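For reference, the structure discussed in these notes is given below.
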Amino acid sequence: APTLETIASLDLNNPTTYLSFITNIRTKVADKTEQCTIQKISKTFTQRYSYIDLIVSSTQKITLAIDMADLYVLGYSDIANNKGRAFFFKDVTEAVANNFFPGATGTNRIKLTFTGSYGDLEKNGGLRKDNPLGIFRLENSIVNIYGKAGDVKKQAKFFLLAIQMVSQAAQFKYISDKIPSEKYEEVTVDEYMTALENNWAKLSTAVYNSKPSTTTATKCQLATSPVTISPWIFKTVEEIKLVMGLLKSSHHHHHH
Amino acid sequence: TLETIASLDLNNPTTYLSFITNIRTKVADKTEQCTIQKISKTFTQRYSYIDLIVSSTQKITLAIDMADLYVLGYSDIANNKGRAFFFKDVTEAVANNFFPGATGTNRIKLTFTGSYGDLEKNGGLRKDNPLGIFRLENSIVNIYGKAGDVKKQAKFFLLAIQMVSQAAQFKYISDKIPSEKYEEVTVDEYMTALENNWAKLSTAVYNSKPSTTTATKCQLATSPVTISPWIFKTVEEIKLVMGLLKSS
Amino acid sequence: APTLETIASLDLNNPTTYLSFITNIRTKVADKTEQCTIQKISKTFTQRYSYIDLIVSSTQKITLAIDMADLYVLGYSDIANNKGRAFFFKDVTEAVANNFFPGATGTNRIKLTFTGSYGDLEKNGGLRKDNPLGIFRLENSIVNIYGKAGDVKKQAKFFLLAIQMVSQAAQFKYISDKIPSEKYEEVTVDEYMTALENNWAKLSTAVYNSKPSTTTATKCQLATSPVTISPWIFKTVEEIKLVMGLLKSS
Amino acid sequence: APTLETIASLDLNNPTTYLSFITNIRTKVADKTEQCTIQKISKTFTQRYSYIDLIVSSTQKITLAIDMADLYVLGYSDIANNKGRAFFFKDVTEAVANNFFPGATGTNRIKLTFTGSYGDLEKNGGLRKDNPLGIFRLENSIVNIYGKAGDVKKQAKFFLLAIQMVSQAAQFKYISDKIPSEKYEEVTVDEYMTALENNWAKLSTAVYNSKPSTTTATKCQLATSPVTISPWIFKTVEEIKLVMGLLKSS
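Residue numbers (the deposited numbering), protein chains in the order written: chain B, 1 to 256; chain A, 3 to 250; chain C, 1 to 250; chain D, 1 to 250.
Printed below as a string of structure tokens:
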């Protein structure tokens, strides 16, 4: 089992640290060079897989399995009856999953019957608009599965919170910046939020395809304006920067 | 003649962070303190307008002092004539810079100031006046062209100052205004702690010391800086909540 | 349908009567004998089924169909096209529903397409956090459906206000005592309240499992401490007593 | 100074404990015998003066000087410059103040520049409606004055929250039952709350002057109906019982 780094940990009883935690994630995976003054995920990593911890107390945390290449959540790990236990998304290959959680062995390595797509998560845990985000919301979703028998509905509700408040919060300033430091306050996930969440690659490509502008703030101008991802109408790269925390990386192998 | 530095189409709520960003871009110095934007120390013209647009035929214009983002008054239309209201404590020399379309007897001095003590006393506690795009629009509809009603004017000012000025001062506030027009957000003790402590939080950054190991390259002169319930142990933590430092 | 008792009526234009109305519910359904000095719903009724009225005016009210055994809301009755009309949640048996509303006859007894679980009510009417409680909020939601054609969103919003401000309020003093005495003021349903609403059985069971004690005001002590219903962390039965209006019956 | 009991202590970081704290005060001061099934402050005490602690942390608390005869708050103690420091309301005589805080001596025994009347507190600290109640609000108000140089605004703002959320919270279920155990949530002190706060003796007198009843739940009926404490219109003693945690002694 390779040595994996824990690149960020969220102490859910310290809610004001949330943007510091998100910032750590952006800092760990981002390139040194920006793209139109927007951070972008690095194309390569020495070790692309890593952990992110979500802490409920000194003896209870869930550990996310992460692919830093795209900030995908691949599964998570808890502890049950003193044994380490790992749950992996259905579509995650054995070779990838084998990188994670050396304390989960044998029957405690569990392939879930669903993937991390929002289609699958909402099928099992309800529509995104019915799972509000928030610090305690995330904490409570952890309490409801930690050390417990596997429940797809509650696993899905946890995954909805964790993917949106960790992975896509890092990807989108628009998401991370809505989470209140008032631990018990919640944000409804509306169509403006889902629109961004479902169009991460489309927006990143629009930054990559933009042209250099000697007059504009981001020093870039869209190749084609507007970029419509309804209900958003993006007329400038600046307006894209206001929602983006990280661009998806570009390998420059194909044409856009 | 004064510039209109930003305008908010209350019916196109996605544009709100562009509108806040236009305010910050207009008033900020070219350079940052500890990598945080700060208000510019001087201005060719320190007074400007900010429009709050309800429709093609209806808007309220705020009078803004850009040196500190204070709202000094607003202007509407009543009986087909331009009209301006100014807070009690605004000098007539300052108020005179604003609204050439408001002449005659239609320039009015309000009986209260723009302080939260005054506004909350007349319009209700900040926790009882939730923020939101529609809430702001509706409060404008509730006073536009109407006889002066101190309570409804105070509710407008509570919404406008927080959703314009302090929204520009604090990313924490501006970034929680939902793009869903009819969604609102409560002004909780984390918001008011920031709102009450803009100068204190700016002073901590201006008094910080160089650091070679932190991302902002600053460290607090003494830690923590407490604006409860916030406990600020680093300048990066302050930076995450700030949109504009108070000008040195 | 037999003639059922109407055990309480809330005059929605006299908002300071609210806790008298909730007390009237508690008094009707509570057993004579308390558990750890907390009221509990009687195990037996001669007639478990009864009415609770929500009154908008002298001529406009909604009548809730109530199972007093668990304070379940099963449906409601209004008037539409000058005829008594009733709605019943999807999962309510015909035998149970036929106990209610003798003036809602003919074809005016309607099966709803959703149940009263919070999952069903919130997918149709929105999250508890987006449906604040309040006298006017309740009254308004009644006006938005009374005598109207079926509208699942508005009906579900009415049920959220009704179940939380009648049933759940009677069960939890913590909830009932937060309803504002001003008609037009409202209170957000936060995660403390929703934790209670989701865990009435678990909390009541924790009281039932408690051990006798001579030194505590409730004369009870927790079998295991704490009882955690996040965000609530209960270390005494006294702390549970002070949130509980009515224990689930044993 | 005599050695006085600390009859209750609120750990402001365990907000769920709040109603238990209030209950401890009521139990301590309440007579064995009730009046119209309302608790009444005992006519006498062997030692009427006592302490209540308001804990912000293991190292920082403020102790209230309390007169249990009437739940008057007479002052508070903190620590400044490594020494006990006492503050007493301006109208409290030396004889009374001498009962409290033996660890504060010399010039560390300080006469406040105002009394505990709401008129004095509002002059110095703002209207009650502009000073919302709340667990963290109270904690924040303590932090803002503990060990600090005198500040009449923050001292007054502390007393507004302390008197309302301790003394009058025990006097009035209406106040105590509104405080959320979500510690950041606040309650607006509107006309319904100030009306109760201003009329504690009048409401208590209305209870003592009440007549017997064989039917009502309290076994009392008002001597004259209604008892109006605007905006409240009390037609029954059951309605008064809903809002009151303690009667003033007669």
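The beta carbon of each residue, even a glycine, is placed where N, CA and C say it ideally should be.
If you draw a straight line from the alpha carbon of residue i to that of residue j, how long is it in whole angstroms?
i        : j        : result
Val143/D : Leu12/D  : 11 Å
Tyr118/A : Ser249/C : 50 Å
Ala69/A  : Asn199/A : 17 Å
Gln155/B : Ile145/B : 7 Å
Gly150/D : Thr113/D : 10 Å
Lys183/B : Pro132/B : 13 Å
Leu121/B : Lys129/C : 22 Å
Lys173/C : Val243/C : 5 Å
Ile55/D  : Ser230/B : 52 Å
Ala201/B : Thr215/B : 26 Å
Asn98/A  : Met165/C : 54 Å
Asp190/A : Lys40/A  : 25 Å
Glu186/C : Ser77/C  : 25 Å
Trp232/B : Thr16/A  : 7 Å
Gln168/B : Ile135/B : 15 Å
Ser20/D  : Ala104/C : 47 Å
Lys32/A  : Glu197/A : 24 Å
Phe45/D  : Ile79/D  : 29 Å
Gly126/D : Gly147/B : 51 Å
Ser181/A : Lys153/A : 27 Å
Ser225/C : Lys61/C  : 45 Å
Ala195/D : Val227/D : 13 Å
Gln221/C : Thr59/B  : 26 Å
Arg85/C  : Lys123/C : 25 Å
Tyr192/C : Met193/D : 23 Å
Keeping to the same chain, check which residues put their C-beta closer than 7 Å to that of residue i; ignore five residues upstream and five downstream.
i             : result
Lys83/A       : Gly106, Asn108
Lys219/C      : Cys36, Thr37, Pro212, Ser213
residue 253/C : The displayed coordinates of chain C run from 1 to 250. Any statement about residue 253/C would go beyond what the structure contains.
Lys90/D       : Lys111, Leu112, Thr113, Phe114, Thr115
residue 266/A : Nothing about residue 266/A can be reported from this structure: the residues present for chain A run from 3 to 250 only.
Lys178/C      : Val187
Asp67/D       : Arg48, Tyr49, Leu74
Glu34/D       : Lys40
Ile163/D      : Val73, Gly116
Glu139/C      : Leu12, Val56
Can you list, in chain order, the residues of its chain whose CB lies under 8 Å from that of residue i, leaving out five sequence neighbours each side?
i             : result
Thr6/A        : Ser50, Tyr51, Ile52, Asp53, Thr63
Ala170/B      : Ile22, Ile25, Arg26, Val29, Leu71, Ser176, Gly245, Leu246
residue 300/A : This structure leaves residue 300/A out entirely; chain A is present only between 3 and 250.
Going by beta carbon distance, what residues of the same chain come within less than 6 Å of residue i, once the five residues before and after it are set aside?
i        : result
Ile110/D : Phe87
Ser141/A : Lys157, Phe158, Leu161
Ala65/C  : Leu74, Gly75, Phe100
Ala217/C : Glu238
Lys43/C  : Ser249
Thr3/A   : none
Over the uninterrupted beta strand (DSSP E) stretch that includes residue i, give me the two end residues.
i        : result
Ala8/D   : 6-11
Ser77/A  : 72-80
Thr63/C  : 60-67
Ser176/A : First-last for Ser176/A: 173-176, but that is the alpha helix (DSSP H), not the beta strand (DSSP E).
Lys83/D  : 83-88
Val92/A  : Looking at the DSSP string, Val92/A is not in any beta strand (DSSP E), and its letter there is neither H nor E.
Per the DSSP calculation, residue i is bridged to which residue(s)?
i        : result
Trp232/D : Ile229/D
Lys211/A : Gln221/A
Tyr49/D  : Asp67/D
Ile38/B  : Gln35/B
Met244/B : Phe172/B
Between which two residues does the alpha helix (DSSP H) harbouring residue i extend?
i        : result
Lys28/A  : 18-29
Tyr184/D : Counting along the chain, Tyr184/D falls outside any alpha helix (DSSP H), and DSSP gives it neither H nor E.
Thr194/D : 191-198
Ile240/C : 237-241
Where in the region 105-149 of chain A do unbroken runs of the alpha helix (DSSP H), each at least 4 residues long, occur, reported from the N-terminal end onward? 118-125, 135-143
Below 9 Å between beta carbons is the criterion; list the residues of the region 156-184 of chain C that meet it against any residue of chain G, in chain order. Given the protein chain composition of this structure (B, A, C and D), no chain G is represented.
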